[PDB]
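Single-structure report; data block below.
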Amino acid sequence: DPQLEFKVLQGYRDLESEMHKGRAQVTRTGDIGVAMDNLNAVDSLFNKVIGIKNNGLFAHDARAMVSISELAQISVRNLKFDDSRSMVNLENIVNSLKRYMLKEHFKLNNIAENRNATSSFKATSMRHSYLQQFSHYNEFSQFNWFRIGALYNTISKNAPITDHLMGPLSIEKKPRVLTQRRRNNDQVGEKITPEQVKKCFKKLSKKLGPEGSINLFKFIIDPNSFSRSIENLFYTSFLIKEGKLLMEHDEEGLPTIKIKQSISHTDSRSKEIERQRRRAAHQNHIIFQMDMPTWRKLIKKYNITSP
Amino acid sequence: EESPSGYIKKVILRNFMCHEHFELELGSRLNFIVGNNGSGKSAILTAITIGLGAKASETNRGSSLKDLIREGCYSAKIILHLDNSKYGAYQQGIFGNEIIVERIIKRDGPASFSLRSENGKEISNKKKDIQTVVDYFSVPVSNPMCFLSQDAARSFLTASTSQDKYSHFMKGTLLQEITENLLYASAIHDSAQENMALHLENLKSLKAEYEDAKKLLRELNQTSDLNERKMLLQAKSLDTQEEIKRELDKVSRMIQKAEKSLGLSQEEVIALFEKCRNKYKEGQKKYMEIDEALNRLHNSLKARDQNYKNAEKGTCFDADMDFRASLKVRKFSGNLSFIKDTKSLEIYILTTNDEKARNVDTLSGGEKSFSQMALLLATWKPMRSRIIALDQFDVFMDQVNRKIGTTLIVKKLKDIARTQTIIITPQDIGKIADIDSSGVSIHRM
Amino acid sequence: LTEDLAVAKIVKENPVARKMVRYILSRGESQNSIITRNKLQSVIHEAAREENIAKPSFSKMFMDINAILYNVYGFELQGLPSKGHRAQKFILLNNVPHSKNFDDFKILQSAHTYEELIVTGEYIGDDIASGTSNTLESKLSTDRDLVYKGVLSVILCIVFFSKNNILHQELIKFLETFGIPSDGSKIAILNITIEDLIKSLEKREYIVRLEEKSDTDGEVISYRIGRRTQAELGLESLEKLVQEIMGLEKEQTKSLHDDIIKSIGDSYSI
Amino acid sequence: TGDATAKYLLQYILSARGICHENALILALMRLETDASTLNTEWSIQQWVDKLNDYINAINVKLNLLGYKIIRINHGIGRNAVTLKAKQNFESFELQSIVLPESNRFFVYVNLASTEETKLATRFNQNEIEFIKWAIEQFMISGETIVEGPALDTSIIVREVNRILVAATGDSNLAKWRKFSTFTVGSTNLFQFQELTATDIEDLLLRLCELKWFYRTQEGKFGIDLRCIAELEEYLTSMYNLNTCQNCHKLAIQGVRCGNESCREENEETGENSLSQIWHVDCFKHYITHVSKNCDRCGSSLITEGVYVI
Amino acid sequence: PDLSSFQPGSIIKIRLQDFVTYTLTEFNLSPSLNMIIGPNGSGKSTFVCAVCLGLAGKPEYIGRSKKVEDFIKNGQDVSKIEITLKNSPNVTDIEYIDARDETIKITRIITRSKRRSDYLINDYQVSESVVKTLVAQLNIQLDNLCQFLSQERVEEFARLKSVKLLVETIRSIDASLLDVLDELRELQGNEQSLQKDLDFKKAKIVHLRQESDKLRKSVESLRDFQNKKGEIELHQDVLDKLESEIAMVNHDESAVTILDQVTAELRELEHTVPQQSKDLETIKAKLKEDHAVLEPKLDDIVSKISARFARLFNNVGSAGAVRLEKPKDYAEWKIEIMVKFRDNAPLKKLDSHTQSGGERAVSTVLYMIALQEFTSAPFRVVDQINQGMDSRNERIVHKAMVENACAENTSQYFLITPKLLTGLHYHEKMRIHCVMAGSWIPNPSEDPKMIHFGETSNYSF
DNA sequence: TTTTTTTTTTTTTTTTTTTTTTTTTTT
DNA sequence: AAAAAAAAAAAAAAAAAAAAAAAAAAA
Ligand SMILES: Nc1ncnc2c1ncn2[C@@H]1O[C@H](COP(=O)(O)OP(=O)(O)OP(=O)(O)O)[C@@H](O)[C@H]1O
């Protein structure tokens, strides 16, 4: 059923189109329900096809599935369980950064400050009681940012290398403005019987007879040309490759090409294996060499067919 | 007849290979481009291969774009008129009714890749667009089974690695994106399950806080009857009491240690209890909702995997059976062994005088070129490209197998009717066979 | 005494490492310390051709480079995990066992300049007609590149404590409580905007921003730790930083490991 | 600790952009001998500066094998001046009331040869180092020119020269030397570059002053400082035809001269401006206290007929 | 034994035993031209695999298979390859054979589990290396892609990088002195850079002399300290002298690691230069000696090749010729067959990425057909040259082989062709082969009576 | 004069040829 | 078990596209 595939592909395209708004929405808020509002629709569009299992729709489905798992990932990262004891929560460490970056400020402006496996049970009125009074400064110049710039340089693993002037002062200048008209304005584009194997067979079983016999002494020869006298040989090779001419040499010397006429029986249950094993009775081939000078020696046997 | 549009209408050539400026239109579903090879045959197919977002390294007719330029010029451009005018088309409201994509290559700087609309309005000049419009039309141009390469046929048949044919066939019929995306989504699910098992410990911490806060409520308002619930008969207030004051110091130390835990008062103890309780009873809801969502996702993924297994087996057997049914025209046959362990596409073919299973490199010519066609025509129903191109399928085989190639490919282009075709063979089949059934056209350079 | 004659022989039999230490020690002076392998090879292919020696296997001169950089002064070249001598990108980083317990000197003598460089709430550095005396007090670094760790320990300590996720607007409205303006006025010590500071901070790969697209609503972006802040830092030393910021001594800090880990989880990842 | 100590001290010195006073390294050594707990009681400052010199010799062996070097130069404004400027900023944060000999040696970290490897070790663009070279040629050209007038009593060169003159002679009844020549161009002329703009030169001079080589005098004029020794060590000056010291034959662009008619007359036989004999402040102090009172080139007397250089 | 016109090294008649479709069949060749022909997969293009395996050749030189015993007709046990080749008057130093016999027969009998079996030279037991050197001494090589190309390597010609084209087109005669000349060039190239490094060691010596100046300064500083130590006796002139020596001595002298810093590191740099330069000069002299003799004959050969090639190439429709290049210092001497197929396009190179199947096939034929006189090779095996060739580019590629094989002084052209065009132009000394098939053939596996009967060359036997 | 578009340059990342090296059939 | 070309493996080389910066022109 093609129509079902067409329409469910359209539905897949629509869901993939709205997927970007879905992803932005889950990125902002942190709500999982958008991962399921489309999961229901993709499960629907998946099961809606039951008669042909056409690839490509499964491919769109795979893209939709990795996208839904991605939205689930974005949502699952956005859970936050805050404790009252854990002394690393955000508004208890930003209000300690804003503690350390001003100890010299409190000593400079002389505005002094007073005191206001443990299993992590409870500690709130020592690390949120008086470490929160430092929360109303909002001007840059008050904090010594030269003390949490130099607590990342001797605590982290920064690479402290200096600037040397013996080298870069002796570089070369660059008056190498590129060539005008390297190559511009080309814009020149000027707005301006080959196979014929059955012919021999339709001559054979119309003129010779269904069990007649001729030879090289009669068939491949030609009294005027050599082309038409070797093309016949290649046509004979095609015919005997097709298994339609009987070529077993009698001891007189001449070859014998007779129309292999299997008495008409279309039953093949043993004729097929008979032919296959008769070819397995391997036809060690008769290399039927013909030259140019001896084309005139074997005309028939003594230079006479129809010169 | 209905033709889902996406069939390339016109190739417009500006300084390419050996053609300054010639443009010839394509046909309905099968076209014949003949003449003399190189003289306007593989150039057209190289234009169609490149101007659909492919490099020239994997074309074997020029290892650099800047080498493909007509010698005597500076910039080459090729205009490809797709057809966006029927079912399944791509944004008919913006791109008009006939997309026009072109690529401009010059002997220096970056090559130019542009989407142009119908009338001429330039849309987006990016290489990520042409790789999206045709991905929408689903035309795989890179791998040989869709766009065969005249110089790569003779080597693809035999010289390709055992894994080459397998991976090309697999990623060609879309059957590998499914495995990759499903395994990738499973990995995402594993990472999410690990984050959930991590969140389980934080939820345990919240649970411990909720229960110990309940314990604080109990140990706080356990001293209610001792000093407050006696308000019954003291209404006259608000001698012989021999045993009044007994444990005033013990109750004092108890109240001190109870209210001096961290510094909260009685109402503040109950307030923290309520806050931690609400935190726990909301985190529970969020955690369980996430768990249900993940479990439903996982079960849907399992129902994807089983259908994937079924689809793989079905597609492989379809390939096998159509391959054999095409081989049986020359009275020999074989079987394709998709060994999913060593990742192969070994083509075991036999002749009219054999016994045991022969090799894929043993037979040649007749048992080769006619295995090329037989393997390719078992990768045209699974892969559903809207267009297909053939360039000298008969790389070396005589006249009695070219007919049993042509009169088989014409037939296999009747069962499917969504794919346009262009065939590149230097021979003469113009008005030689009974190809008068419409859908074909002659184009000799 | 094996070290001195050892490094002498090392620099002796290998004259391409001697002409490579004085390259990676002068690409990463204090700017971006990453070196892509493609470049490390495109320079080693020319610093060994004109060196009268066949260039050895990369995994030989790599151990040679590490041996030199460790012996003379104390550095280390190291490849970062890109999602051993196979890392696609390498960074320098100090490696001597740090001496905080007497890096008191280097924190003090670079904190003291606050009592002399900003009085009455203005910076007196751009005052040209001033008596500059730094070369006689040995001021321990620059000052347009010391409030670049000043603002990079209050952006990668407000991503190290929100579970490796913080939005853009949340970060701006969480920085404006420090005084750092955001409407477009340059921060008045290091003389640059805040958005361009974040962009150049991206180019150094200290943080990575996530780009979205919504034509109807707009774009929102998040600031999760990049790679350089994961390799040139470490939990074994982030514990030290956060142990000092709170000023609490070694007794009330035993929990800090798991306290951080259950609030930071997907940051020290790949 | 050999690895440890010789690993710490180089970090100390190239962290500070290079240059670092000796009385800071000798305190970092007491920092690190306690960080590995290798305490000492039988020592004075002599053994300490000895051990510092020994460690610098070892580190210099390794570096000279690598291709960089730790020079050991003197700042020529004198013991009392530099100890004032340094231990005047060590009164709030101070170690344990130790006594230091008022020293002047300034270890510096520079590269010897301008190879192709360290060709690009800068933050500056092309135009910016072009301005740097243009500025320094202006510095030397303004240095060669001497002019008459009253010399200020504000700079430390002037107060120190007068103090040591009075201390050596003993008789304070002496007047001012009546000329000055400055190697420190004023701002308004360097602002007059052609290609770049004014604000560019403003912030560029600020950057350079932060890179510890363009110290700015108290009057608002900058010269060139202890990353001159990384720059054409002596042909930096003989290129613009400036000679060297007398007592040590190292460089000097600030101190005492005697440019009177006798030691005057740069070599016009060849045209190279080989100017007068120049001293360092400590060099001049020793040369006047324990040698003579006379310019050695053509027998002058400089305690009355000398020049101020600033 | 009508050996009346067979040139030495040739092959006279093949007879095969237990091959892929040849259980027992015997060819009967001709001295001049034996156009092998027949229907598809008729076992007519297997006689080429047979010559490549019966002249002790390798298996990869054909491309038909990959392993050595894959030609043993599956169903058999052992395969016998009997082939006869005319004896040469220049080939000697061979065991179990004299220099009188005018016909030698090399036969290799491949077994099942033993790929590298024994050989057969005139019914005598011969090892592998002996017959390999004998077939080499018969001036017949099979790796020369200009002489022996199989069906699976016809257009592996154009994929040959130029340098290798020169090597395999001049190893038709001899040029090993070109190899020793390349060795001389690389020796000179390394010597040049060593000399430049010595010229930098010169500046090292200059720096060492400057450091010696610093050493002398350190000795004068030590002399100041010598005075300081010799005169320290505080028990007024003496006191004044002590104060005039303290500040005089620079307290920053770093001669500790400079005094004995360098004494003998430069004499080892100055212990290699002069005779090394003389050796560079004698290398240049020998290089000029070797290069002087090469160029004249090596360009005269190429001029003859160009004349014959252009006279043969003008029939396709536009001009072209072969040009040598000697641009680089002899390690990249290379040849480029340059071709034009119509006039208005320029003269272009020959490679895969330039021309089609038909053009590259025409080039591969006309390059190895005009390289006829200028090499000693009795037989050549052109393999089914029809890949992408239309009528006009097949009649000519065949006519220009017939009129080369029947003019005079003809070498054996092995030509196989499944296709066959009507109205060709045949001549006298050619021998049109063929290969029959079909189960209606009187199988001569037991009776060798009718093993060849039908050939029109032995009309009465 | 300032903003936007063009343009050139640089950087990063893939792909074709090429070398390496343990394993391995072998005398 | 003492030589051998062999298979297979790692590891650098070039190619193409993208992004940033600078120049130039229009408003
Ligand atoms: N290893 C083998 N064992 C047995 N038979 C084989 C083997 N390999 C190939 N054959 C058979 O022998 C025949 C080989 O013939 P040949 O190699 O001449 O084919 P061809 O080269 O394609 O023919 P042409 O090139 O003349 O069209 C094939 O038809 C094939 O079926």
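Lettering and numbering for the structure tokens are positional, with chains as A, B, ... in the shown order, residues counted from 1 in each chain, and ligands counted from 1 in the shown order.
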| field | Residues within 8 Å of ligand 1, counting only C-alpha atoms (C1' of nucleotides) and all ligand atoms, as a ChimeraX atom specification | value | /B:350-351,353-354,358-359,362-368,396-398 /E:19-21,37-47,64,70-74,151,384,416-419
Write out as a PyMOL selection string all residues of segment 160-226 of chain D that DSSP puts in alpha helix (DSSP H) for this structure's backbone.
chain D and resi 160-169+187-190+198-210
Hey, which bits of chain B sit within 7 Å of chain A, and for each residue what's the closest pair of atoms and how far apart in Å (one decimal), counting only C-alpha atoms, rows by chain and increasing number, as a Markdown table?
```
| residue | atom | partner | partner_atom | distance |
| --- | --- | --- | --- | --- |
| B:14 | CA | A:189 | CA | 6.5 |
| B:15 | CA | A:189 | CA | 6.9 |
| B:20 | CA | A:189 | CA | 6.1 |
| B:21 | CA | A:190 | CA | 6.2 |
| B:73 | CA | A:186 | CA | 6.9 |
| B:74 | CA | A:186 | CA | 6.6 |
| B:174 | CA | A:56 | CA | 6.3 |
| B:177 | CA | A:59 | CA | 6.4 |
| B:178 | CA | A:62 | CA | 5.5 |
| B:181 | CA | A:62 | CA | 5.6 |
| B:182 | CA | A:62 | CA | 6.3 |
| B:184 | CA | A:66 | CA | 6.9 |
| B:185 | CA | A:66 | CA | 5.0 |
| B:188 | CA | A:69 | CA | 6.5 |
| B:189 | CA | A:69 | CA | 6.9 |
| B:192 | CA | A:73 | CA | 6.1 |
| B:202 | CA | A:81 | CA | 6.5 |
| B:262 | CA | A:123 | CA | 6.4 |
| B:263 | CA | A:125 | CA | 6.5 |
| B:352 | CA | A:276 | CA | 6.0 |
| B:353 | CA | A:280 | CA | 5.1 |
| B:354 | CA | A:280 | CA | 6.6 |
| B:399 | CA | A:195 | CA | 6.0 |
| B:400 | CA | A:195 | CA | 6.7 |
```
Selection to disk with N, CA, C and O atoms, as a CSV table (one decimal), in the first residue's frame:
```
chain,number,residue,atom,x,y,z
B,14,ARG,N,28.8,24.5,-18.5
B,14,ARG,CA,29.6,25.7,-18.9
B,14,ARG,C,31.0,25.3,-18.6
B,14,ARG,O,31.5,25.3,-17.4
B,15,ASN,N,31.8,25.1,-19.6
B,15,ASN,CA,33.2,24.7,-19.5
B,15,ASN,C,33.5,23.5,-18.7
B,15,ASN,O,34.0,23.6,-17.5
B,20,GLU,N,32.3,23.3,-24.1
B,20,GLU,CA,32.2,24.7,-23.6
B,20,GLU,C,30.8,25.1,-23.1
B,20,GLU,O,30.7,25.4,-21.9
B,21,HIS,N,29.8,25.0,-23.9
B,21,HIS,CA,28.4,25.3,-23.5
B,21,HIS,C,27.5,24.5,-24.4
B,21,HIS,O,27.1,24.9,-25.5
B,73,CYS,N,40.2,28.1,-19.9
B,73,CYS,CA,39.2,28.8,-19.1
B,73,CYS,C,39.7,28.9,-17.7
B,73,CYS,O,40.7,28.4,-17.3
B,74,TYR,N,38.9,29.6,-16.9
B,74,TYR,CA,39.3,29.9,-15.5
B,74,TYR,C,38.2,29.5,-14.5
B,74,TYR,O,38.5,29.2,-13.3
B,174,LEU,N,19.9,2.1,3.1
B,174,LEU,CA,19.5,2.8,4.3
B,174,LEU,C,19.5,1.9,5.5
B,174,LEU,O,19.2,2.3,6.6
B,177,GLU,N,21.9,3.2,8.8
B,177,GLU,CA,21.5,4.3,9.7
B,177,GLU,C,20.6,3.8,10.8
B,177,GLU,O,20.6,4.3,11.9
B,178,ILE,N,19.8,2.8,10.5
B,178,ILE,CA,18.9,2.2,11.5
B,178,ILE,C,19.7,1.6,12.7
B,178,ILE,O,19.5,2.0,13.9
B,181,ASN,N,21.7,4.6,14.6
B,181,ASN,CA,20.8,5.4,15.4
B,181,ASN,C,20.2,4.7,16.6
B,181,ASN,O,20.1,5.3,17.7
B,182,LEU,N,19.8,3.4,16.4
B,182,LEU,CA,19.3,2.7,17.5
B,182,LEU,C,20.3,2.4,18.5
B,182,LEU,O,20.0,2.5,19.7
B,184,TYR,N,22.9,4.2,19.1
B,184,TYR,CA,23.2,5.5,19.6
B,184,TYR,C,22.2,5.9,20.7
B,184,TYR,O,22.5,6.4,21.8
B,185,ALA,N,20.9,5.7,20.4
B,185,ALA,CA,19.8,6.0,21.3
B,185,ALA,C,19.9,5.1,22.5
B,185,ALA,O,19.6,5.5,23.6
B,188,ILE,N,22.6,6.6,24.7
B,188,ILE,CA,22.0,7.8,25.4
B,188,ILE,C,21.1,7.3,26.5
B,188,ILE,O,21.2,7.9,27.6
B,189,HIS,N,20.4,6.2,26.3
B,189,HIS,CA,19.6,5.7,27.4
B,189,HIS,C,20.4,5.2,28.6
B,189,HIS,O,20.1,5.3,29.7
B,192,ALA,N,21.7,8.1,30.5
B,192,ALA,CA,20.6,8.7,31.2
B,192,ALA,C,20.3,7.8,32.4
B,192,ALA,O,20.0,8.3,33.5
B,202,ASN,N,20.9,11.3,45.6
B,202,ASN,CA,20.5,12.6,46.1
B,202,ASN,C,19.0,12.6,46.6
B,202,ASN,O,18.7,13.2,47.6
B,262,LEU,N,20.9,23.6,65.8
B,262,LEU,CA,21.6,24.5,64.8
B,262,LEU,C,21.3,25.9,65.1
B,262,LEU,O,22.1,26.8,64.8
B,263,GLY,N,20.0,26.2,65.6
B,263,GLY,CA,19.6,27.6,65.8
B,263,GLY,C,18.2,27.9,65.4
B,263,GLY,O,17.9,29.1,65.4
B,352,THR,N,27.2,-23.6,-16.7
B,352,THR,CA,26.4,-24.7,-17.2
B,352,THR,C,27.2,-26.0,-17.3
B,352,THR,O,26.7,-27.0,-17.8
B,353,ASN,N,28.3,-26.0,-16.7
B,353,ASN,CA,29.2,-27.2,-16.6
B,353,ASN,C,30.1,-27.2,-15.4
B,353,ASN,O,31.3,-27.3,-15.5
B,354,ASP,N,29.5,-27.2,-14.2
B,354,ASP,CA,30.2,-27.2,-13.0
B,354,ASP,C,29.6,-28.2,-12.0
B,354,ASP,O,28.8,-29.0,-12.3
B,399,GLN,N,28.6,-9.6,-28.1
B,399,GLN,CA,27.3,-9.2,-28.6
B,399,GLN,C,26.1,-10.1,-28.1
B,399,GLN,O,25.0,-9.6,-28.1
B,400,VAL,N,26.4,-11.3,-27.7
B,400,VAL,CA,25.3,-12.2,-27.4
B,400,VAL,C,25.0,-12.1,-25.9
B,400,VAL,O,24.1,-12.8,-25.4
```
A straight line from atom CA of residue 223 of chain A to atom CA of residue 307 of chain A spans 4.9 Å
- Task: Would you list the contacts of residue 6 of chain F as JSON, numbers by chain, taking every protein, DNA or RNA residue within 12 Å and counting only C-alpha atoms (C1' of nucleotides), but skipping same-chain residues closer than 3 positions in sequence?
- Result: {"G": [22, 23, 24, 25]}
Can those selected residues be exported to a file as a PDB file, in the first residue's frame so that it contains N, CA and C atoms (P, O5', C5', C4', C3', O3' and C1' of nucleotides)?
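Heads up, here's the output in out.pdb:
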```
ATOM      1  P    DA G  22      42.386  42.429  10.598  1.00  0.00           P
ATOM      2  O5'  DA G  22      42.641  43.079   9.166  1.00  0.00           O
ATOM      3  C5'  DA G  22      43.209  42.296   8.099  1.00  0.00           C
ATOM      4  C4'  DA G  22      42.641  42.727   6.766  1.00  0.00           C
ATOM      5  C3'  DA G  22      42.417  44.234   6.616  1.00  0.00           C
ATOM      6  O3'  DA G  22      42.817  44.638   5.304  1.00  0.00           O
ATOM      7  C1'  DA G  22      40.415  43.090   6.159  1.00  0.00           C
ATOM      8  P    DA G  23      43.289  46.144   5.029  1.00  0.00           P
ATOM      9  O5'  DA G  23      42.855  46.376   3.514  1.00  0.00           O
ATOM     10  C5'  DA G  23      42.708  45.259   2.618  1.00  0.00           C
ATOM     11  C4'  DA G  23      41.492  45.443   1.740  1.00  0.00           C
ATOM     12  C3'  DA G  23      41.177  46.895   1.372  1.00  0.00           C
ATOM     13  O3'  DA G  23      40.831  46.972  -0.014  1.00  0.00           O
ATOM     14  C1'  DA G  23      39.277  45.890   2.343  1.00  0.00           C
ATOM     15  P    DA G  24      41.019  48.344  -0.817  1.00  0.00           P
ATOM     16  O5'  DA G  24      39.691  48.425  -1.692  1.00  0.00           O
ATOM     17  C5'  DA G  24      38.912  47.242  -1.952  1.00  0.00           C
ATOM     18  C4'  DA G  24      37.444  47.588  -2.035  1.00  0.00           C
ATOM     19  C3'  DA G  24      37.146  49.046  -2.390  1.00  0.00           C
ATOM     20  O3'  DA G  24      36.016  49.102  -3.268  1.00  0.00           O
ATOM     21  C1'  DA G  24      36.113  48.516  -0.344  1.00  0.00           C
ATOM     22  P    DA G  25      35.844  50.325  -4.286  1.00  0.00           P
ATOM     23  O5'  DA G  25      34.265  50.401  -4.483  1.00  0.00           O
ATOM     24  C5'  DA G  25      33.452  49.219  -4.358  1.00  0.00           C
ATOM     25  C4'  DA G  25      32.161  49.540  -3.640  1.00  0.00           C
ATOM     26  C3'  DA G  25      31.608  50.942  -3.905  1.00  0.00           C
ATOM     27  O3'  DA G  25      30.187  50.877  -4.057  1.00  0.00           O
ATOM     28  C1'  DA G  25      31.869  50.623  -1.587  1.00  0.00           C
TER      29       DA G  25
END
```
Considering only C-alpha atoms, extract the chain A residues located within 6 Å of chain D and return them as a PDB file with C-alpha atoms, in the first residue's frame.
```pdb
ATOM      1  CA  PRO A 160      53.578  30.643  32.869  1.00  0.00           C
ATOM      2  CA  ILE A 161      55.798  31.616  29.938  1.00  0.00           C
ATOM      3  CA  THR A 162      56.999  35.154  29.214  1.00  0.00           C
ATOM      4  CA  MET A 166      65.113  39.422  20.627  1.00  0.00           C
ATOM      5  CA  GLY A 167      63.188  37.268  18.166  1.00  0.00           C
ATOM      6  CA  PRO A 168      59.995  39.016  17.049  1.00  0.00           C
TER       7      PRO A 168
END
```
Expected answer as number ranges by chain: chain A residues within 7 Å of chain C, only C-alpha atoms
A: 20-21, 24, 86, 88-90, 96-97, 100, 117, 137-142, 144-152, 154-163
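Here atom CA of residue 56 of chain D stands at a distance of 27.6 Å from atom CA of residue 286 of chain D.
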d(atom CA of residue 296 of chain E, atom CA of residue 184 of chain E) in Å:
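These atoms are spaced 20.3 Å apart.
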Using only C-alpha atoms, tabulate the residues of chain E lying at most 9 Å from any atom of chain C, each with its closest atom pair and that distance in Å to one decimal, by chain and increasing residue number, as a tab-separated table.
```
residue	atom	partner	partner_atom	distance
E:190	CA	C:52	CA	9.0
E:193	CA	C:52	CA	7.4
E:194	CA	C:52	CA	7.1
E:197	CA	C:52	CA	7.5
```
Closest contacts (chain D/chain E, max 7 Å, only C-alpha atoms) as JSON lines:
```
{"residue": "D:57", "atom": "CA", "partner": "E:257", "partner_atom": "CA", "distance": 6.7}
{"residue": "D:61", "atom": "CA", "partner": "E:257", "partner_atom": "CA", "distance": 6.5}
{"residue": "D:72", "atom": "CA", "partner": "E:252", "partner_atom": "CA", "distance": 5.9}
{"residue": "D:286", "atom": "CA", "partner": "E:247", "partner_atom": "CA", "distance": 6.7}
{"residue": "D:290", "atom": "CA", "partner": "E:244", "partner_atom": "CA", "distance": 5.5}
```
